[PDB]
Each structure stands twice: as structure tokens, then as C-alpha cells.
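Okay, here we've got a single chain as C-alpha cells, the form deposited in one PDB entry, with questions on binding and movement later.
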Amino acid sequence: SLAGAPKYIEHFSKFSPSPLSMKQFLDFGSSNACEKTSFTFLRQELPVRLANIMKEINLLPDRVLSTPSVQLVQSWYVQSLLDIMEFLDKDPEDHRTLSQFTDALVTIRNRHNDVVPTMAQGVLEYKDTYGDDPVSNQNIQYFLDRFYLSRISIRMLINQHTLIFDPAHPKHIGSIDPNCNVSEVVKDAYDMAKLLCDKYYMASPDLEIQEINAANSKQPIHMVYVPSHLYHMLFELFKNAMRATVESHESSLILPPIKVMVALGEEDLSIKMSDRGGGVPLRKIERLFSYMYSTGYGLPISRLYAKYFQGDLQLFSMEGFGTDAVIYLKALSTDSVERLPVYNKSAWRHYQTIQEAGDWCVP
């Protein structure tokens, strides 16, 4: 009873995704009136977001698109879009519509659970089948950043709806904590990373945390954020910092600690993790965020989580000494706005590159 998927994809890809702020997410209520509004919003917005990214998948090199794992992920997106199309003519006033809608979103979330490693298998299939080439590699890098950020945003919308309209912390709004204690999340991530480090190395660096609350020196630092995302970033950073520290100190019984500073400024909430794990030459930094070289998407996905609400995650090393990693977040919920890729001329132009000599000299 549905139209062919391409007809829906073309229709919805004409719209731009609509970025929401953390404050907008937070201010959304839980009444039946609010549930109807979420329904009518999401039966438009989710198809817009699904269609936009599906259109970019089609711009990938034939080589990457031809891989079975990429085709598999594509087929999931198609079915998920069609699942939502079933709701276009349904009455929001009917309670069964709303309950059925929530069930459909859960089914979609589950269907897409393994998207990240499935796409990674696609990248490997491309490399194995054809060998890699720099042009395709740049396109893959550009696309995957956008694809995975898209996915993060779709999961955010779905989680907010299912959590609110279907508990450990009742004070949270869906997955959002209006009073996230940053140092507590740092400690939780450290604890879990230490378990792993201790298992493999029988030792781990200690943690030291310092807070700089610029405007209110005595006050513990809190923010509006999704604690699971913050935890994810910190856990990945701790794993890298711990491994560097232990491996660079094979001979020592004394390990330098990992030092974390949490700073709260007027605009930024910044978290720096400093290790003395011997560092890495500058030349090798970019590789850490590469889907190719690391095909372990922990660091690039962590940086996407940071970028998702207008933040960033940056690494600066001193070879021979150690490495600083900094998570930059927006301090204010009103500045914390979804960063969403959009399918348009500008996007389309990025996949329209070819092999040639660079604009810089080689000997």
C-alpha cells in the first residue's frame, strides 16, 4: 500500500533537517498533547533526516556503494523510511496511532543497532576488493563524518521520544540531564577504563581532577547535557591515555597520573585530559581520526559526539612527553544546537573531486 521507496526519498530529501537546541529538547513535555505534537513532528522530521543522508550514500564511489555491507545498511534505511510512511495518514487523536508509532521507532532503533561496525565492514570490503585510493578515501572520510553524525541525531530524536513517552533518574528529560555533574561523569569513565587497564597491565595511572569555575570559583561545575555522550567521549580518551602511559613506562612501577581539568567559562565548558604517555609525532595525529587507517572508530565517533552540539574534540601531542586531549562543549543550553549535515549543491560538490597534483609542491 506504500509507494516505492525512491518516490519518498526524493520527496523528503527536498527539505532540510531542522536542528533543535538542547534547551528545546529539555523544554518538551510529557502530556498526551505533547505526545501528539512529537508524533506529528517526527513523522515529518525523521523521514527528512533519513532521506537526506540516503541521498548522500548514493554519491559514494561505485566501489564503496557496491560492497555488501554498505548495501545492507542502505536496505535498513529504506525499510525504516517505509515504516514511518505507514503513519502519514494516521490520526494523532487515536491512542493506538501513538502507541504503534512508539513501537515502530523502537523497531527502527533496534534494526540500526549495528550500523557503525557494519559500515566499517563496508570500508574493509572496499579495501579488500579494490585496494584503496586517495580520492575514494577522502570521499569516505567526508561521507562517514556526516553519515555517523546524521545517525547520532536520528538516535537522539528516537531516544527522546521513547524515553519520554514510554526510572533511575526521573529528573532527566529523556536522555538529557539538566544538572549533569561533569566531574562525576569523568570519574565514572575513569573507573571503567581503569578496570580494563588493570585487567591487561595489572596497573593503571591514578586520576587527578581540577575544576576552574571562572565566574564562581567555589561552585561544582554542572551543565545541561546527555551524560551517556559525555561518558562515551571520556571513556575513549581514558583508554588511550592509560594505554599510552603504561606502555611508555614498561620499566617503571611508578606511573604518572592522568590529569583532568574541567574549566567553565562564559561560553565554553572545556575538559582537558593530559597524559605523559610519550606522545606521538604530529604527522600521525590525523590518522587517529581516520576511518581508513583505523580499519576502532572510538576517537572519530567521540569527536562527532562533541561536534553534535556545536563542540569539538581536539588532540595535541608533544612527541617524547605526552598528549593533551580537549573536549570543547557549549556551556549554555541555548548555544547547544544540533549540527546536522544537509543534502544540497554544496554537499553534492564534495563528492565531485578527482585525481590530480596538489596545490602544494613536492620535491
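Start at 1 and count along the sequence shown; that's the residue number. Between two forms, the rigid core is defined as the largest C-alpha subset superposing within 1.5 Å.
Keep in mind that the form deposited in another entry is missing from the display, and what follows is about it.
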Select from 314, 37, 30, 44 the only position whose Cα moves 2 Å or more between the shown form and the other one when the core is aligned. 30
Superposing on the rigid core, does the Cα of residue 281 end up 2 Å or more away between the shown form and the other one? no
Superposing on the rigid core, does the Cα of residue 267 end up 2 Å or more away between the shown form and the other one? no
Relative to the superposed rigid core, does residue 129 relocate between the shown form and the other one - that is, does its Cα move 2 Å or more? yes
Pair residue 160/residue 32, Cα separation in the other entry versus the displayed form, closer or farther by 3 angstroms or more: closer
Tell me whether residue 21 and residue 30 end up closer or farther apart in the other entry, going by their C-alpha atoms; the shift is 3 Å or more. closer
